[PDB]
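Notes follow the structure.
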Amino acid sequence: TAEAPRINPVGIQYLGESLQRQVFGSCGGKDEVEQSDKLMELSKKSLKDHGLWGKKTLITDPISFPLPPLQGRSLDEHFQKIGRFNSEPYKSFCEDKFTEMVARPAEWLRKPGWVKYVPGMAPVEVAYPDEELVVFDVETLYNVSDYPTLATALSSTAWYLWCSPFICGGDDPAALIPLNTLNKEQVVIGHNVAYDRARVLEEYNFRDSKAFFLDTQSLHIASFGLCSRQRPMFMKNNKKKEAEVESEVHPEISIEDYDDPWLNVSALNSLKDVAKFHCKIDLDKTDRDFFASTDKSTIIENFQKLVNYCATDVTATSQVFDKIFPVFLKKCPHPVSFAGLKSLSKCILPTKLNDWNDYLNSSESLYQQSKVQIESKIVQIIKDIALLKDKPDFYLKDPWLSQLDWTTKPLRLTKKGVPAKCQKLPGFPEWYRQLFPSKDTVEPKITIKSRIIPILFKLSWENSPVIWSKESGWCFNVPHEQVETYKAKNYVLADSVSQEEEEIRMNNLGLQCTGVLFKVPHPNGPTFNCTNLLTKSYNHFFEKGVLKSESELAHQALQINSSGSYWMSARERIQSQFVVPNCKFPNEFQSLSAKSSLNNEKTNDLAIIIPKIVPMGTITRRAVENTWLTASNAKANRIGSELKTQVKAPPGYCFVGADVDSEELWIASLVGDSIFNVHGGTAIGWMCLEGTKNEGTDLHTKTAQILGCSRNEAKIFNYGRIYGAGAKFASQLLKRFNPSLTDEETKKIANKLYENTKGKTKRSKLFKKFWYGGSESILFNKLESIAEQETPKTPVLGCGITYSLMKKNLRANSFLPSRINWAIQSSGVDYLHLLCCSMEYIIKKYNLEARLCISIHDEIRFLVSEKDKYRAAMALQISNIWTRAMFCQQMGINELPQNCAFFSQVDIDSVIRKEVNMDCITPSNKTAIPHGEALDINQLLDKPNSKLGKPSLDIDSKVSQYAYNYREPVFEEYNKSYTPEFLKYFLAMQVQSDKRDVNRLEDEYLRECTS
DNA sequence: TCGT
DNA sequence: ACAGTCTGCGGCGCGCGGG
DNA sequence: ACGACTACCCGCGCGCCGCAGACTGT
Ligand SMILES: Nc1ncnc2c1ncn2[C@H]1C[C@H](O)[C@@H](COP(=O)(O)OP(=O)(O)OP(=O)(O)O)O1
Ligand SMILES: [Mg+2]
């Protein structure tokens, strides 16, 4: 009765019959039986060498439930037609855009609202432009308020100017620009357009908008890349332009052009630099200071110049767009990319005003209260020290105070006149003078990060007072007899020059000299020096008695350093968010659901924050936002870590979300498995697909149990090993995870693990350099081989790479690792775009009340009404199985494993936090938050309201109109270069685990090709 | 960019 | 009205922490 | 000079070196 599981030759379970019918339709293989037998023999040899043949795997009853039908014979056609469907009007508006520009009025009128100027006709007053495509710019007086002051727009036929009532007689600075974005489909082009979108009146709606704001900076970063490799390549750029500024004549063609061509193919983010690069345009920037004033009357004069400045910026932005925009179509030609960009260009953050203000006060008060007391106490200690000038015996006798300079400043006295030499602290020690920077300073300014802090607070390392040496930082003296014993402790000997300086200065003080100076260990490396001792990395040294201090303040100070540090980094930006309340604008905050359905309270407090998001701010086309993509998670000790819990949902709504599992490891394993055309052909893939996270049998969890470490540290250790990190750094990582270990044990574990993982290396003439004998050698060779292609393209979609990192622009400097990492990191972005496109299609088709709320990398959250919540969760589970199979079919495999098909957990909550069961108690927050719900596939399928409902007939008919063009996968194009016998002999050499066998195979191959 |  | 002689300011690099 | 490196973003605080600017001294 029950269906029998389906298993491939390896012990891996495939999907059930129904899902196989609905996702892959009808397909067949077995094209090369003999070659498949050979590849199976090699895979069996490797698996038996690594000892995974016959091991039990997880078997589960097949899942079967109905799915929405596809719109094509294959997945590529379906995704092409959906991607063409999601942006029909916008792309057609982006093309046919005007090139000629109309003239500008000789004079401008100061009138409140929107004024339209047409050449040859009188100016008119309009409510709002009624134009499909405009170029737009905003200017605001940031010192006075956050609301805008004036705005300028250009179209194909006319000019438009918007003026605020504040500069027209009124005294209320609160006003937003109206553009009617809820009714008319339109495209607004700008540079850093996220700043402008926050100043539009009709973007503060829960109901979805019909406008698309496009940014040129993302188009510049994506193609014609900034060359931001975060490498000396970025630094060598400013030095070259500094040299060009120095000498007017620049004969760079002799050396700089030859070794580094890439210096002439890119520029910076800024509009002046981008314009200068693409076009010969110079943009003077001297009138921005006028907007830094605190008087509105200065705005009233010079009005014509400011409006002409804004118009010049608009014209420059338009000409920059006209150059950059066609290139992005060449680099990124698949329709899904543009739709995903449009989907990520819209985000909204609901919140409450009074709670935000209370959180902002409670996060600053404790920080200032903690800081003030400790600074006052250390000032008091300095004052107590600074009266020992008269008596020489105590500052000479004391070991710690001898280090400080005690020389009195020279005094210059003029005869019959005042000295007037700007003398600071006459008759005072040098260090106390160095405390005061200027004559005006009456009170010393000191921080726990000061260098003199280990001199003020006396500190002993192994019962030895710390000494300062200019070359070796902090050192501790060791007696002559016990030196060999310290050699057992692996303490390094300090530089001989520092030894001579120490003995010379001591002989100047007296008592001759005894012992030898040993450097304090530094966590990053043995050779690296140490400059601070109150950091986090020394905290365990404070316990166990290795580092000791008589004062109890030091034990306080480290905790203070723990408590406020993140706030010290983030206090400004959090206090600079633009929050708009409901009371000021009472005709704007409309509900997502068309039916009001009551849900109105007794004047409740709702507010909205529009994030400033650059969609492609990275050379791997990832999003960059300064504040909400860097927010910390909640912790018991840290102050202000409850930031993401301020986002809340209005009454009658909730949040539904999910996170991807092992995203970059599953993609890396699939690339390796594509040679054998079977899931599990490599050992790393078999280990990755053995278990599931819900049972606790995932690879990251297994790594942690072997190393005795948490799961996050295991993830760091694995992702460091996949990219190029040596065993020496892995040993230091193991020392960092467990401090109470010796170096030799860590070296043995790291060397053994690296020998079992990577294997050995062989250099040959015909085959350049390769790895062999390891469980992951195939992946390491494959990543390099794809990274040395002349034209590198993303496998799933086909996006290109920036001109800065191409091989033809590189001759001496290589910049190799980023080229390897780039393919996988871009594939993650393609994965996110595919899920966003599928979700948009399903929400439009089945008429759900939902919109995208936030999207951190690999995480998506949606705002959903109470009625349809489980349906929204269902809309997630359909999407992922669509995306993952899309990954498999492009690489040749027409099968998908059952265990990896669905999300492990789907979250339903009222606020944003990592886990639904977290109390989220911080020093600033003393109230627990009620828990939410998490679900899996079976529990979701047991709910009665999960089913979607009846579809709409119009959507399919609209989708069917578009066209589909067949394309060839990129890896099939890569395979054409290699002759077939090369692949067979090369893979046979890779599977061997001995030098003699590899040499014999090379001899056989050379004899065969020779004759 | 630095090691040997 | 020229020629030494100190005494602050300003920019830059590097550690150090969050994702 | 041939090999050897975790990758991508965002910011703050402190010490060091290169110059303007006033004071004598003729
Ligand atoms: N230290 C790192 N070095 C390199 N890549 C990293 C590092 N940390 C994270 N990544 C990558 C791997 C993922 O694609 C992404 C972060 O996703 P994340 O959720 O942290 O991990 P994951 O998806 O592999 O595991 P999980 O099962 O916990 O979701 O960025
Ligand atoms: Mg994940």
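Worth knowing before you read on, the calculation uses all heavy atoms, side chains too, and leaves out hydrogens, waters and symmetry mates. Here is the naming used below: chain letters follow the sequence lines, and residue numbers restart at 1 for every chain.
The CZ-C1' distance, from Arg571(A) to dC10(D), rounds to 17 Å in whole Å. The interatomic distance linking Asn626(A) (CG) with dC12(D) (P) rounds to 11 Å, in whole Å. A straight line from OH of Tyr566(A) to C1' of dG13(D) spans 18 Å, rounded to a whole angstrom. One atom, CH2 of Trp431(A), and another, P of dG15(D), lie 15 Å apart when rounded to the nearest Å. One can place CD1 of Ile574(A) at 18 Å from P of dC10(D), the figure rounded to the nearest angstrom. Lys768(A) has its NZ atom 18 Å from the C1' atom of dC2(D), to the nearest Å. Put simply, CG on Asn813(A) is 14 Å from P on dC2(D), counting in whole angstrom units. Straight-line distance from the CZ atom of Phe815(A) to the P atom of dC2(B): 14 Å, rounded to whole Å.
North is the pucker assigned to the sugar of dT6(D), its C1'-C2'-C3'-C4' torsion being positive. A positive value of the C1'-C2'-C3'-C4' dihedral assigns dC8(D) to the north, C3'-endo side. Going by the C1'-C2'-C3'-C4' torsion, the sugar of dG11(D) sits on the north side, since that angle is positive. Judged by the sign of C1'-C2'-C3'-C4', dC17(D) carries a south-puckered sugar. At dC9(D) the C1'-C2'-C3'-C4' dihedral is positive, so the sugar adopts a north, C3'-endo-type conformation.
Once you apply a 4.0 Å limit to the heavy atoms of chain A, the touched nucleotides of DNA chain C run 5' to 3' over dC6(C) to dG19(C).
Heavy-atom contacts from other residues, nucleotides or ligands closer than 6.0 Å to NZ of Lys762(A) number more than 12. Enclosure of atom NZ in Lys807(A) by more than 12 non-hydrogen atoms of other residues, nucleotides or ligands within 6.0 angstrom is indicated. Atom NZ of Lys409(A) is surrounded by more than 12 heavy atoms from other residues, nucleotides or ligands within 6.0 Å. Residue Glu430(A) places its CD atom among more than 12 non-hydrogen atoms of other residues, nucleotides or ligands, all under 6.0 Å distant.
Not one side-chain nitrogen or oxygen of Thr630(A) sits closer than 4.0 Å to the OP1 or OP2 atom of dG11(D).
Expressed to the nearest 0.5 Å, how far CG of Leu797(A) lies from NE2 of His833(A) amounts to 9.0 Å. Between atom OH of residue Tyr754(A) and atom CD1 of residue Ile749(A) there is a gap of 13.5 Å, rounded to the nearest 0.5 Å. The distance from the CG atom of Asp215(A) to the CD1 atom of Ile613(A) is 12.0 Å, given to the nearest 0.5 Å.
Figure legend. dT6(D) is base-paired to no nucleotide; pairs are counted as Watson-Crick or G-U wobble with both atom distances under 3.5 Å. Across all strands shown, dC12(D) is found opposite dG15(C) as a Watson-Crick or G-U wobble partner, with both distances under 3.5 Å.
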N/O contacts under 3.5 Å, protein versus nucleotides 3-8 of chain D?
{"unit_1": "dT6(D)", "atom_1": "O2", "unit_2": "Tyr719(A)", "atom_2": "O", "d": "3.4"}
{"unit_1": "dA7(D)", "atom_1": "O3'", "unit_2": "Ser818(A)", "atom_2": "OG", "d": "3.1"}
{"unit_1": "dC8(D)", "atom_1": "OP1", "unit_2": "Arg229(A)", "atom_2": "O", "d": "3.3"}
{"unit_1": "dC8(D)", "atom_1": "OP1", "unit_2": "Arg229(A)", "atom_2": "NH1", "d": "3.4"}
{"unit_1": "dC8(D)", "atom_1": "OP1", "unit_2": "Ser818(A)", "atom_2": "OG", "d": "2.4"}

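No contact: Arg621(A) has no heavy atom under 4.0 Å from any strand. Residue contacts for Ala631(A): at a heavy-atom cut-off of 4.0 Å it reaches the sugar-phosphate backbone alone, with no base atom in range. Contacts of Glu625(A) with the nucleic acid, taken as non-hydrogen atoms under 4.0 Å apart, are absent.
The aromatic rings of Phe780(A) and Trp771(A) sit tilted, their planes meeting at an angle between 30° and 60°.
Taking the side chain as every heavy atom from C-beta outward, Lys445(A) and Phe436(A) never approach each other to under 4.5 Å.
Taking the P atom of each, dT4(B) and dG13(C) are spaced 28 Å apart, rounded to whole Å.
Seen from the ring of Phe234(A), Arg229(A) does not count as a face-on cation partner, given the 6.0 Å and 45° thresholds.
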